[PDB]
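Peer 1: Encoded as C-alpha cells, here's the structure I'll be asking about.
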Number of protein chains: 4
Amino acid sequence: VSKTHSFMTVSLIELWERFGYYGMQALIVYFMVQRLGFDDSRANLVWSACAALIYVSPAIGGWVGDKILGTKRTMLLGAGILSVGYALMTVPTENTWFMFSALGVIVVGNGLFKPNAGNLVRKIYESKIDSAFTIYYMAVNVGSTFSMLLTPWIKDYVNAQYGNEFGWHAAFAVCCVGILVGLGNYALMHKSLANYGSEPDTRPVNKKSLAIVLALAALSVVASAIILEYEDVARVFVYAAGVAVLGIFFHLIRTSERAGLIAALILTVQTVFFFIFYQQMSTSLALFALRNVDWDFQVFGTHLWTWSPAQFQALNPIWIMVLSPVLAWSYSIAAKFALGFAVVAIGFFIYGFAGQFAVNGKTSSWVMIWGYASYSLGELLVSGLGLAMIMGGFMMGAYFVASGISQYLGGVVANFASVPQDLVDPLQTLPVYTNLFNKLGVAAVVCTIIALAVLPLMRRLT
Amino acid sequence: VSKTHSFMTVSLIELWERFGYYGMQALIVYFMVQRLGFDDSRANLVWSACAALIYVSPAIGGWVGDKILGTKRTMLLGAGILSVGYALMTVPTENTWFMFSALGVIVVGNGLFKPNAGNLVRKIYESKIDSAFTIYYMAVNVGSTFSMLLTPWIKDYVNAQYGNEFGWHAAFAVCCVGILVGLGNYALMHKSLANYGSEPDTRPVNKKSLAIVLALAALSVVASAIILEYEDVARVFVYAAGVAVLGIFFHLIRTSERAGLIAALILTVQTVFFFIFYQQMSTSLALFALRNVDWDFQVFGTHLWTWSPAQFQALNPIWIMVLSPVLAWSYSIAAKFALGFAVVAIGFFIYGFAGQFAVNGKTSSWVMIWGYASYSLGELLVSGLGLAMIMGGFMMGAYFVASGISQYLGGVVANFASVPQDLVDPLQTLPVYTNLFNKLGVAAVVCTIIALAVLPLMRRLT
Amino acid sequence: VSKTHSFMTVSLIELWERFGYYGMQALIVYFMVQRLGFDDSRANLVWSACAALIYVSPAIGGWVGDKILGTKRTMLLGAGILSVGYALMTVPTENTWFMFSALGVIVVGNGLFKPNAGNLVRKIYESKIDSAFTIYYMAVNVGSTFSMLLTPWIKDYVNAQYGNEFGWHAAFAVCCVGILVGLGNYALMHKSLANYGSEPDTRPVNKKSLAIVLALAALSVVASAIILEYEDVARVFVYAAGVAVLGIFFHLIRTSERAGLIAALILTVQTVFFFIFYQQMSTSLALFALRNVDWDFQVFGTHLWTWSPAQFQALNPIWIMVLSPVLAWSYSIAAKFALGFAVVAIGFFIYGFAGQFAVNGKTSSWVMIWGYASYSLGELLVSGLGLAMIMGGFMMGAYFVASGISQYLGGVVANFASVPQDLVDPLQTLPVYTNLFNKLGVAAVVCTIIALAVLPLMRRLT
Amino acid sequence: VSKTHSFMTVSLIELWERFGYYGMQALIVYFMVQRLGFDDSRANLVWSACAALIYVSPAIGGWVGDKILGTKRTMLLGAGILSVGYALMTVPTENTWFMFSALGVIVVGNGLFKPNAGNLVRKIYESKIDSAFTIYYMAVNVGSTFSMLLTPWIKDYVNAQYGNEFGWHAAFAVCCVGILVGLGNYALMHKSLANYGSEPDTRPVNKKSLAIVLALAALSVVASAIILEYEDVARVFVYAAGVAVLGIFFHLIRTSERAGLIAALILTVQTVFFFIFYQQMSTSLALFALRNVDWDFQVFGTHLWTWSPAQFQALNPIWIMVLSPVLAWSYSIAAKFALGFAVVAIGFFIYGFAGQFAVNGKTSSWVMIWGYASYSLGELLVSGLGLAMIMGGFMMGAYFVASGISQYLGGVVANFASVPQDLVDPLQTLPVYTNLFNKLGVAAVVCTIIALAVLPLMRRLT
C-alpha cells in the first residue's frame with residue numbers, strides 16, 4: 001500500500017513488544033524482593049546480570065536475521081519466544097528455577113527480536129530513516145508508558161481482590177497477551193512486510209541453519225539461567241568478558257597515524273561510567289521508591305492518587321516525550337558527553353536534597369518526578385552513546401561488551417545501598433540511600449571534570 | 001473620507017458593544033448567586049449553557065448578514081436587539097422567566113452583531129486587514145476594560161446609597177446605554193460605512209426574508225430561554241449536538257490520501273480540553289474570588305482600594321494589552337497548543353499555591369493578579385484556536401459545535417467545586433476550590449504531555 | 001591644536017560647572033529643612049519651583065547665545081553669574097531673602113551656561129558629535145560624582161569641628177571655587193575655543209543688546225526669587241503656564257493629514273508622568289534617606305563607613321556610568337517609554353519592599369543602592385525624552401513648558417509624604433514614606449499599562 | 001617524528017615541573033606558619049616577596065636562553081636548579097637560612113625554565129601555536145592538580161605515621177622527584193627537541209657566558225635569600241622598583257600623537273589592583289581555610305572526606321579546566337577588564353556571605369568551592385593581562401615590574417587580616433577574615449566602576 005503502511009505494521013508490533021517487556025522490567029526487581037524471598041543484594045546482581053545479557057543479546061540475533069535466517073522471521077522467532085517468557089512468568093509457583101528459565105527465554109527472545117525489528121525499519125526507507133525512527137521511538141515511549149502504568153496497577157488490584165499470587169502473575173499475563181496482540185496485529189497486516197524482507201527472507205528457510213539456531217537458543221536459555229542464579233558464575237563470566245575487552249584494546253594499540261582511537265578508549269571509559277549511573281535507576285531507585293518514598297501524591301495539599309512503586313519508572317518514557325521537542329526547538333561534539341554527566345549529577349543530588357527538607361522516614365514522591373526528569377534528560381542528549389562510534393570490527397565489539405559488563409557493574413554499585421532485611425524502620429534505611437546517591441552525584445561531577453579536562457584532546461582529533 | 005474613517009466607525013460601535021456585553025458578563029454569575037436565589041451549581045450550568053449558545057450564535061448571523069440580509073443592517077439589527085436585552089435586565093423584579101428572556105435576547109442579538117461587525121472590517125480593507133484587526137482587538141480590550149471596572153462599581157455604589165435593587169440594575173442600565181452610545185455614535189458617522197456594505201446591502205431590503213428572520217429570532221429567544229431554565233433541556237440539547245459532531249467526524253472518516261484530518265480530530269480534542277479550562281475562569285474563579293479572596297488590595301502593607309469580585313475579570317483584557325507587544329518583541333507550529341496547556345497548568349497551580357502560604361480562610365487578591373496573568377497569557381498565544389483550521393464545510397462546523405459544547409462542559413467541571421449553600425465558613429470552602437484547581441492544573445499537565453507526545457504526528461503532516 | 005583639544009576645554013569647564021551645581025543641589029533640600037527652619041512641605045515646593053525655572057531656563061539662554069550675544073561669552077556670562085550664586089550661598093546668615101537671591105541667580109546663570117556650552121560642542125564637530133557628547137556626558141557624570149560625595153562630607157566635617165554655620169557654607173564655598181576652577185581652566189586654554197565661536201561671536205559685542213540682557217537678567221533674578229518664597233505666586237505662574245500649553249495644543253488641533261501629533265500629545269502626557277517620578281527622587285527620597293535610612297553601611301556584618309544623606313544622590317551618576325556600557329553590549333521605538341515606566345515602578349517598590357523585611361524604624365541604606373540603580377536605569381533608557389520629538393515651533397515649546405511644570409507638579413506629589421514637624425519618631429514616619437512610594441509604584445504600573453495599550457497607535461504612525 | 005612529538009616532550013617536562021612547583025606553593029605558606037614558627041604577618045610578606053621575584057624572574061632567563069645561552073639548555077639549567085631547590089626543602093631542619101636558600105634557588109631556577117620552555121613551544125610551530133598552547137596549558141592545569149592534591153596528603157599521611165618532620169619533607173621530596181621524572185622523561189625523548197632549538201643552541205656552548213651566568217645565578221640565589229628574611233631589605237627593593245616604574249612612565253610622558261599610552265597607564269593601574277586580589281588567594285584565603293574552614297566535606301548530610309587546607313588550592317586548576325570550554329561555547333575589548341573586577345568582587349563576597357549563614361566559629365568548606373570558582377572564572381577571562389599590551393621596550397618592562405611589585409603589595413594587604421598568635425579561638429578569628437574579604441569585595445566593585453567609567457576613553461583610542 002505504502003512505505004508508511006509497512007512502517008505502520010512494524011511500529012505496531014514494536015509498540016506491543018516494548019509494552020510486554022517494560023511492563024515486566026518495572027516489576028521484576030520488586031517481584032524478586034517482595035513476592036520471592038530474595039534479599040536486595042541478590043535481586044540487584046541477578047537483574048543486572050540479566051540486563052547485561054539482554055543488552056549484548058541483539059549482537060547475535062541481528063546477525064542471525066540477515067546472514068543466516070530471515071530478519072522478518074527471526075524477529076518473529078524472537079517474538080514467539082518472548083511470548084513463552086511472559087507466559088512462563090504467569091504460572092503461580094515459588095520455584096526459583098522457574099523464573100530464571102523465563103528470564104533466559106527473555107534474553108534469547110530479545111536478541112532475536114529487537115535488532116531485526118529495527119533493522120527492516122532501516123530497510124523500509126532504503127534518507128528519511130531518521131524521520132521514521134524518530135516516530136518509531138515515540139511509538140516505543142508511548143507503548144512502554146501504558147504497561148509501566150498498567151501492569152503495576154493490575155498487580156495491586158488483583159492481589160487485593162484475589163489474594164496473593166494472581167496479582168503479580170496477571171501483571172505478567174498482561175505482558176504476555178501484549179506480545180500476542182502485536183503478533184495478531186502483525187498477522188493481519190503482514191502483506192506489506194512480506195514484500196519487504198532481508199536478503200535471505202526472499203529465499204526459503206534453511207532447515208539445517210534453523211535446527212542449529214533452535215538448539216543453540218535452547219542451549220542459550222539454559223546457559224543464561226545458570227548465569228543468573230549462581231552469582232559467581234556471572235562474576236567469572238563478567239571477568240572473562242572484561243579481560244577480553246582489555247585484550248582487544250591492547251591488541252589494537254599495536255597497530256598504526258591512528259592516535260584517534262585512544263579517544264575511543266576514553267569514550268568507552270566514560271560509557272562504562274554512564275551505564276553504571278543509569279543501571280542505578282532500575283536497582284537502587286526502585287528500592288528507594290519501594291521503602292522510603294511516600295506513594296501519596298498530593299499537589300499543594302489535595303490528594304490525587306497513591307502511587308505504585310513500579311509506576312515511577314513510567315516517568316522515564318513520559319519525560320522523554322516531553323523533552324525531545326524542547327531540545328528540537330533548542331536548535332535555534334562529544335563534549336555533550338560531559339554535559340550528560342553534569343545532568344546525571346544533579347539527578348543524584350535531587351534524591352540527596354530530598355533527604356534534608358522532607359523528613360518523616362519517607363521522602364516525598366515528587367523526588368521521583370524531578371529525579372526521573374533529570375536522568376531522562378541526561379539520557380535524552382547522550383544515549384545512543386556508541387552509535388556514532390567509528391579495522392573497526394573488533395572495535396565496535398569491544399564497545400558492546402564494555403557497555404554490557406557495566407550493566408552488571410552498576411548492580412554491584414547498587415549493592416552499596418543494599419539494606420539488610422533486619423532493618424525495617426524507614427528512618428534507618430533513609431541514610432543508606434541518600435549516602436549512595438549523594439556520592440554518586442559527586443562521582444558524576446568528577447566525570448564532568450574528566451570529560452571537560454579531556455576536551456582539548458577531542459578537539460585535536462578534528 | 002478614508003478607509004481608516006470607515007474603520008473608525010466600526011471600531012467605535014464595536015468598542016461600545018463589547019463594553020455593554022462584558023460589563024454584563026462580569027456580573028451575570030454573581031447576579032444569579034447573590035441577587036437571585038440561585039445555588040452555584042445551577043448558576044454555573046445556566047451561564048455555561050448560555051455561553052454555549054453565545055459562541056455558536058455568530059454562525060447564523062454571519063450567514064444572515066451576507067447571504068440573506070445586510071451585513072451592516074444585520075449588525076445593526078443585532079445591536080438593537082442587544083439594546084433590548086440589557087434594558088430587559090434593568091427592570092427590578094425577582095422573576096426568573098424575566099432574566100432568561102434577556103439572556104436569550106442577548107444570544108440572538110450577539111449572533112447578528114459580532115460576525116457582521118468583524119465581517120465588514122475585513123471588507124473595508126479588501127492585505128493590511130491584519131493591521132486593522134490588531135487595532136480592532138485593542139479597541140475591544142480597552143472597551144471591555146472600562147465596563148468590567150465600571151459596572152461592578154456602580155452595582156456596589158448604588159446598592160449602598162439606594163437600597164437593594166438599583167445597584168445591580170443600574171449596572172445593567174449602564175450596559176444598555178453603552179449600546180445606545182455606540183448606536184448614536186454610528187448614526188452620526190454612518191456615511192462612510194453606507195458606501196461600504198456587504199453584497200446585498202447594495203440591494204434593497206427583502207421583506208419576505210426580513211419577516212422570516214424576525215419571526216425566527218423571536219422564536220430563537222424563546223427557544224434559548226427554555227434551554228437555560230430547564231437544565232435537562234440543555235443536557236439533551238448538548239447530547240444531541242455531541243452525537244452530531246461524533247457523526248460528522250465518522251462520516252468524514254469514510255472518505256479519502258487524507259490522513260491529515262485525524263490530526264484535525266486531535267486538534268479538536270485538545271480544543272475541547274482548552275475551553276473547559278477557560279470556561280473555568282468565568283465560573284469557579286468568579287465564585288472563588290467571591291467567597292475566598294481578600295478584596296483588600298494592599299501593596300507592601302499600605303491600603304489602596306477594596307476590590308469588587310467582578311472587577312477581577314477586568315484583569316484579563318488588561319493583561320492581554322500588556323503581553324501582546326511583549327510577544328511581538330519575542331520575534332527577535334501547532335506545538336504552541338502544547339505550550340498553552342503548560343501555561344494554563346501553572347495558572348491553576350497559582351490558586352493552589354495560594355492555599356498554602358496565605359491562610360485566613362481567605363487567600364490574598366494578588367492570586368487573581370498573577371492568576372489572570374497566566375490564563376490571559378495562555379489565551380494570548382493559542383486563542384483563535386480553529387481559525388487556521390483547514391470538503392471542509394462540515395469539518396469547520398464540527399469544530400464550531402465541539403467548541404460550543406465544551407463551554408457547557410466547562411460548566412459541569414466547575415460544579416465539582418459547587419459549595420453547598422449550607423457551607424458559609426470560608427475556612428471550609430477553601431479546600432473545595434483549591435482541590436478543583438490543583439487537579440485541574442494536573443489535568444492541564446497531562447494535556448501538555450499529550451500534545452507533546454503527539455508532536456511527531458503533526459511534524460509528519462508537513 | 002585639534003578639535004579634541006577644543007573639546008577638551010569645553011568638557012573641562014562643563015565638568016567643573018556640573019560639579020558646583022550638583023554639589024549644591026544635593027544639599028539644597030537638606031539646607032532648607034535642617035539649617036533653615038523650613039518645614040518639608042515648603043522645602044519641596046520651593047525647590048520644585050526652582051527646578052522648574054532651571055529646566056526651562058536654557059530656552060532663553062540658548063537663544064541669547066547664538067541670535068543676540070555670543071555662545072562663548074554668553075556661556076561665560078552664565079558661568080560668572082553662577083560664581084555669584086554659590087558665593088551668595090557661602091555667607092553665613094539666617095536670612096530667607098538671602099538664599100532665594102542665590103537660587104534665582106542660579107536660574108539665570110544656568111540658562112545662560114548649559115545650552116551654550118553644549119551648543120558649541122555641536123559646533124566643534126560640524127557626524128561624530130554623538131561620539132563627543134557621549135564623552136561629554138561621562139565627563140558630567142564623573143564631575144557631579146565628586147561633588148555629591150565631597151560637598152556633603154565638608155558639610156559634616158566643618159560643622160563638627162567649627163560649630164554650626166561653616167559646614168553648610170564651606171560646602172557651598174566648595175561649589176563656588178569649583179566654578180572658579182573651571183573658569184581658570186578655560187582662561188588658559190581659551191585659544192582653541194576663541195577660533196570656534198557661534199555666528200555673532202565673530203562679530204564684536206553689541207552694547208545695546210548687552211545692557212538689555214544684563215538688565216533683564218537682574219530683572220529675572222528678582223522675578224525668580226519672588227516666585228520661590230511666595231508659593232501662591234508660583235501656583236498662578238504654574239497655572240498660567242499650564243493653560244498656555246493646553247492652548248497651544250488645541251490651537252494645533254485646528255490644523256491639518258496630520259493625526260500623528262495626537263501621539264505627540266500622548267508622548268507629552270507620559271512625559272508629565274515621568275518627571276513627577278524623577279522629581280520624587282530629589283524630594284521625598286532625600287527626606288526618606290534623611291529620616292528613615294540607616295546611614296550605617298555594613299556589608300555582611302562589617303562596618304565600612306557612615307553615609308551622609310546627601311551622598312546617596314551620588315549613586316545616580318555612578319549607576320549611569322556603570323549601566324551605559326552594559327546597554328551598549330545589549331545591541332547584540334517609543335515603546336521603550338513603557339519599559340522605563342516599568343523600571344520606575346519596581347524602583348518605588350524597592351522602597352516599599354524595604355519596609356517589610358527591614359524594620360527598626362529605619363530601613364537599611366542598601367535600599368538607596370538598589371533603588372537609585374532602578375531610577376538611574378529607568379532614566380538611562382528614556383531620558384532625553386523630547387529630544388527626538390518632531391509648524392513644530394510652538395510644538396517643541398509646548399513640550400518644554402509641560403516638562404517644566406511637571407517639575408513643580410512632582411513637588412506637590414512629594415507633599416503627600418510631608419511629615420508634620422511634630423512627628424519625630426522614625427517608627428511613625430516610616431508609613432508616610434512607604435505609603436507614598438508603594439502607590440507611586442502602582443501608578444507607574446498604570447503608566448506601563450497605558451503606554452503598552454496605546455502601542456498600536458504608535459505602530460500605526462509608522 | 002612529528003611536531004606533535006616535539007610538543008609531546010616539552011609538554012611532559014612542563015607538566016612535571018608545574019607539578020613540583022605548585023605542589024610546593026600550596027604548602028609553603030602553611031610550612032612557615034605551622035612547621036616553622038613564623039607568625040602569619042611575616043609568612044605573608046616572605047612569600048609575597050618571593051612571589052614577586054618569581055614573577056619577574058622569567059625576564060632574565062627568557063633573554064639568557066635565546067641571546068646568550070641555549071633556550072633548550074637554559075630551560076634544562078633551570079630544571080636542574082629547581083631539582084636542587086625542592087631537594088633543599090626535603091632535609092629536615094628548623095634552620096631559617098636553610099629554607100630561604102631553597103626559595104632563592106627556586107626563583108633562579110624558575111626564571112631559567114618557564115619562559116624558555118614556553119619559548120620553544122612557540123618555535124616548534126613556527127599559526128596553530130594557539131592550538132598548541134591551549135593544549136600546553138591544559139597539561140599545566142592537569143599536572144598542578146595532582147600535586148596540589150597529592151603533596152598535602154603525603155604531608156598529612158607521613159606526619160601521622162612517622163612523627164613530625166617527614167610529613168612536610170616527603171611532600172617536598174615528592175616535588176623534587178617530580179622534577180626528576182620530567183628530566184628523565186625528557187632524557188629519553190630529547191631527540192625531537194635536539195633538532196628544534198633556539199638560535200644559539202645550534203652553536204656550541206660559550207664557557208665565558210656559561211661561567212658568568214652560573215656565578216650570577218649563585219649570586220642571585222644569595223641576593224634573593226637576603227631579600228626574603230630581612231623584610232625591610234625587600235621594602236626598599238620594592239620602593240626602588242616602584243620609583244623606577246614611576247620614572248619610566250614620566251620619561252615616556254615627555255614623548256609624542258600618542259595619547260593612547262595614557263590608557264596603558266590606566267591598564268597598568270587596574271593590573272596592580274588585580275594582582276593584589278589574586279595574591280590574596282594564596283595568602284589570606286590559605287590562612288582562612290587553615291583556621292576557620294570546616295575541612296569536613298559532607299554533601300547533603302553524608303560524610304565524604306576531610307580536606308587538607310592546602311588541597312583547596314587545587315580547586316583553581318580544576319575550575320580552569322571546567323570553565324574554559326564553557327567560555328568557548330559562549331562565542332555563539334579591554335572592557336572585560338571591568339568584567340573580571342566584578343567577578344572578583346562577588347568572590348570576596350562569597351566568603352563574606354559565608355560568615356552570616358554558617359556560624360560555628362568555622363564556616364563550611366563549600367565556600368572554598370564556590371569561592372575558587374569565582375576567582376578562577378575571573379582569572380580565566382582576564383589573565384594574560386599584559387600579553388596583548390602594545391618605543392615600547394621600556395613600556396613592556398614597566399608593565400612587568402608594576403605587576404611584580406603588586407605581588408608584594410598583595411602581601412601587605414593580606415596583613416590586614418593577620419591574626420595575632422595570641423588569638424586561638426576561631427570564633428574570634430572569623431571577623432578578621434570576613435572583614436578583610438568584605439571590604440576587598442567593595443574595593444573590587446570600585447574597580448568595576450572605575451574601569452566602566454573609563455570605558456569612553458578606551459573606545460576613543462579605537
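Residue numbers start at 1 in each chain; chains themselves are named A, B, ... in the order of the C-alpha cells; ligands are numbered from 1 in the order shown.
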Return as number ranges by chain the full set of residues in segment 267-383 of chain D whose backbone-based DSSP assignment is helix (DSSP H, G or I).

Peer 2: D: 267-291, 311-329, 336-357, 366-382

Peer 1: Would you pick out the contacts of segment 216-223 of chain B at 12 Å or less, using only C-alpha atoms, so that residues sharing its chain but fewer than 3 positions from it are not included, and give the list as a ChimeraX atom specification?

Peer 2: /B:50,53-54,57,60-61,64,74,77-78,81-82,84-85,97-112,209-213,226-230,233-234,237

Peer 1: So that I can see what lies close to residue 35 of chain D, please list as a list in words the residues with an atom at most 12 Å from it, counting only C-alpha atoms and leaving out residues fewer than 2 positions away in the same chain.

Peer 2: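 The contact residues come out as residues 27, 28, 29, 30, 31, 32, 33, 37, 38, 39, 43, 92, 93, 94, 95, 96, 99, 155, 159, 164, 165, 166, 167, 168 and 169 of chain D.
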
Peer 1: Take the residues that were just selected and, keeping N, CA, C and O atoms, output them as a compact mmCIF listing (two decimals), in the first residue's frame.

Peer 2:
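Result written to part.txt:
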# COMPACT_ATOMS: atom_id res chain seq x y z
N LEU D 27 51.90 24.32 49.94
CA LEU D 27 52.32 24.03 51.30
C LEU D 27 53.32 25.03 51.86
O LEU D 27 53.64 24.95 53.05
N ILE D 28 53.80 25.99 51.07
CA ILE D 28 54.91 26.82 51.53
C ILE D 28 54.44 27.82 52.58
O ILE D 28 55.17 28.13 53.52
N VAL D 29 53.21 28.32 52.45
CA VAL D 29 52.71 29.27 53.45
C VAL D 29 52.39 28.54 54.75
O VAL D 29 52.73 29.02 55.84
N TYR D 30 51.74 27.38 54.66
CA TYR D 30 51.45 26.59 55.85
C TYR D 30 52.73 26.12 56.52
O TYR D 30 52.82 26.05 57.75
N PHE D 31 53.74 25.77 55.72
CA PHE D 31 55.01 25.29 56.27
C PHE D 31 55.67 26.35 57.14
O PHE D 31 56.22 26.04 58.20
N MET D 32 55.60 27.61 56.72
CA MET D 32 56.19 28.68 57.53
C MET D 32 55.36 28.93 58.78
O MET D 32 55.92 29.19 59.86
N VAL D 33 54.04 28.87 58.67
CA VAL D 33 53.18 29.16 59.82
C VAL D 33 53.15 27.99 60.79
O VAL D 33 53.35 28.16 62.00
N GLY D 37 58.08 28.58 62.95
CA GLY D 37 57.42 29.37 63.98
C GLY D 37 56.98 30.74 63.50
O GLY D 37 56.72 31.63 64.31
N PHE D 38 56.88 30.90 62.19
CA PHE D 38 56.56 32.19 61.60
C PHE D 38 55.15 32.63 61.97
O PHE D 38 54.19 31.87 61.80
N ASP D 39 55.03 33.86 62.46
CA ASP D 39 53.73 34.49 62.53
C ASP D 39 53.25 34.81 61.12
O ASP D 39 54.06 34.96 60.19
N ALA D 43 55.00 35.44 57.35
CA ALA D 43 54.85 34.45 56.29
C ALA D 43 54.16 35.03 55.07
O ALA D 43 54.39 34.57 53.94
N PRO D 92 65.45 17.57 56.84
CA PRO D 92 64.65 18.01 58.00
C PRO D 92 65.42 18.81 59.04
O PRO D 92 66.04 18.23 59.94
N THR D 93 65.36 20.14 58.95
CA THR D 93 65.93 21.02 59.97
C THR D 93 64.93 22.12 60.32
O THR D 93 63.89 22.28 59.67
N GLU D 94 65.25 22.87 61.38
CA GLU D 94 64.49 24.05 61.77
C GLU D 94 65.27 25.33 61.49
O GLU D 94 65.02 26.37 62.12
N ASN D 95 66.21 25.27 60.56
CA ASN D 95 67.04 26.41 60.21
C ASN D 95 66.30 27.29 59.21
O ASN D 95 65.86 26.81 58.16
N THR D 96 66.15 28.57 59.55
CA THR D 96 65.52 29.52 58.64
C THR D 96 66.37 29.72 57.39
O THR D 96 65.88 29.60 56.26
N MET D 99 65.79 27.27 54.54
CA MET D 99 64.65 27.28 53.62
C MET D 99 64.74 28.45 52.65
O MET D 99 64.35 28.32 51.48
N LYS D 155 51.90 14.95 53.20
CA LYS D 155 52.24 15.69 54.42
C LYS D 155 51.40 15.23 55.60
O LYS D 155 51.91 15.06 56.71
N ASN D 159 53.21 12.45 58.40
CA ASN D 159 53.28 13.04 59.74
C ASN D 159 52.52 12.19 60.75
O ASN D 159 52.94 12.08 61.91
N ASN D 164 56.79 13.94 62.93
CA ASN D 164 56.64 15.39 62.88
C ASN D 164 57.29 16.02 61.65
O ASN D 164 56.75 16.97 61.08
N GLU D 165 58.44 15.49 61.23
CA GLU D 165 59.24 16.08 60.17
C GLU D 165 58.95 15.49 58.80
O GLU D 165 58.66 16.23 57.85
N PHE D 166 59.00 14.16 58.67
CA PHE D 166 58.99 13.52 57.36
C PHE D 166 57.76 13.90 56.54
O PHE D 166 57.81 13.88 55.31
N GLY D 167 56.65 14.24 57.20
CA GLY D 167 55.45 14.64 56.50
C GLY D 167 55.67 15.80 55.56
O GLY D 167 55.47 15.68 54.35
N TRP D 168 56.09 16.94 56.11
CA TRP D 168 56.34 18.12 55.29
C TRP D 168 57.46 17.87 54.28
O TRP D 168 57.39 18.34 53.14
N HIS D 169 58.48 17.12 54.68
CA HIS D 169 59.67 16.98 53.85
C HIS D 169 59.50 15.92 52.77
O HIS D 169 60.08 16.05 51.69

Peer 1: Would you mind listing, as a PyMOL selection string, all residues of chain B that have at least one atom within 7 Å of chain A, where only C-alpha atoms are what counts?

Peer 2: chain B and resi 352-353+356+435+438+449+452-453+456

Peer 1: Skipping near chain neighbours, those fewer than 6 positions away, what residues fall within 9 Å of residue 241 of chain A using only C-alpha atoms, listed as a PyMOL selection string?

Peer 2: chain A and resi 401-402+405

Peer 1: With N, CA, C and O atoms retained, export the selected residues as a PDB file, in the first residue's frame.

Peer 2:
ATOM      1  N   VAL A 401      30.679  -5.064  24.568  1.00  0.00           N
ATOM      2  CA  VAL A 401      30.872  -5.824  25.797  1.00  0.00           C
ATOM      3  C   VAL A 401      31.208  -4.902  26.963  1.00  0.00           C
ATOM      4  O   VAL A 401      30.789  -5.152  28.100  1.00  0.00           O
ATOM      5  N   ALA A 402      31.957  -3.825  26.713  1.00  0.00           N
ATOM      6  CA  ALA A 402      32.241  -2.872  27.781  1.00  0.00           C
ATOM      7  C   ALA A 402      30.968  -2.212  28.291  1.00  0.00           C
ATOM      8  O   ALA A 402      30.874  -1.875  29.476  1.00  0.00           O
ATOM      9  N   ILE A 405      29.036  -5.217  30.293  1.00  0.00           N
ATOM     10  CA  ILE A 405      29.614  -5.506  31.603  1.00  0.00           C
ATOM     11  C   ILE A 405      29.249  -4.419  32.603  1.00  0.00           C
ATOM     12  O   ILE A 405      28.946  -4.702  33.769  1.00  0.00           O
TER      13      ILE A 405
END

Peer 1: Per DSSP on the backbone, what are the strand (DSSP E) residues of segment 202-436 of chain D, as a ChimeraX atom specification?

Peer 2: /D:296-298,303-306

Peer 1: Go ahead and dump the residues you just picked, N, CA and C atoms, as a CSV table (one decimal), in the first residue's frame.

Peer 2:
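That gives us selection_33.csv:
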chain,number,residue,atom,x,y,z
D,296,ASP,N,35.7,19.2,57.1
D,296,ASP,CA,34.7,18.1,56.9
D,296,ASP,C,33.8,18.4,55.7
D,297,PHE,N,34.0,17.6,54.6
D,297,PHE,CA,33.2,17.8,53.4
D,297,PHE,C,32.1,16.8,53.4
D,298,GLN,N,30.9,17.3,53.6
D,298,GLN,CA,29.7,16.5,53.6
D,298,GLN,C,28.6,17.1,52.6
D,303,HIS,N,29.1,12.1,55.0
D,303,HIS,CA,30.5,12.4,55.0
D,303,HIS,C,31.2,11.8,53.8
D,304,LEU,N,32.0,12.6,53.1
D,304,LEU,CA,32.8,12.0,52.0
D,304,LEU,C,34.3,11.9,52.5
D,305,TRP,N,34.9,13.1,52.6
D,305,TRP,CA,36.3,13.1,53.0
D,305,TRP,C,36.6,14.4,53.8
D,306,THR,N,37.7,14.4,54.6
D,306,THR,CA,38.1,15.5,55.3
D,306,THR,C,39.2,16.2,54.6

Peer 1: What's the 6 Å shell around residue 272 of chain B, counting only C-alpha atoms, without same-chain residues fewer than 2 positions away, as a PyMOL selection string?

Peer 2: chain B and resi 269-270+274-275+403+406

Peer 1: I'd like the contact shell of residue 434 of chain B - 7 Å cut-off, only C-alpha atoms, skipping same-chain residues fewer than 3 positions apart - returned as a ChimeraX atom specification.

Peer 2: /B:351-352,355,430-431,437-438

Peer 1: What would the file look like if the residues just selected were written as a short mmCIF file (atom, residue, chain, number, x, y, z; two decimals), in the first residue's frame with N, CA and C atoms?

Peer 2:
data_model
loop_
_atom_site.label_atom_id
_atom_site.label_comp_id
_atom_site.auth_asym_id
_atom_site.auth_seq_id
_atom_site.Cartn_x
_atom_site.Cartn_y
_atom_site.Cartn_z
N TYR B 351 -3.46 29.35 42.02
CA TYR B 351 -4.54 29.27 43.00
C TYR B 351 -4.30 28.16 44.01
N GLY B 352 -3.70 27.05 43.58
CA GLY B 352 -3.32 26.02 44.53
C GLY B 352 -2.19 26.47 45.44
N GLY B 355 -3.21 28.53 48.38
CA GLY B 355 -3.81 27.94 49.57
C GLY B 355 -2.82 27.75 50.70
N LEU B 430 -12.53 26.84 51.30
CA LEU B 430 -11.24 26.96 50.64
C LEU B 430 -10.77 25.63 50.05
N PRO B 431 -10.89 24.49 50.76
CA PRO B 431 -10.47 23.23 50.12
C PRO B 431 -11.22 22.91 48.84
N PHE B 437 -8.91 23.31 41.50
CA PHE B 437 -7.90 23.98 40.68
C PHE B 437 -6.61 23.17 40.62
N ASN B 438 -6.24 22.52 41.73
CA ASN B 438 -4.97 21.80 41.76
C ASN B 438 -4.98 20.61 40.80
#

Peer 1: Near residue 347 of chain C, within 9 Å and counting only C-alpha atoms, which residues show up once chain neighbours fewer than 5 positions away are dropped, as a VMD selection string?

Peer 2: chain C and resid 342 352 370 to 375 378 437 441
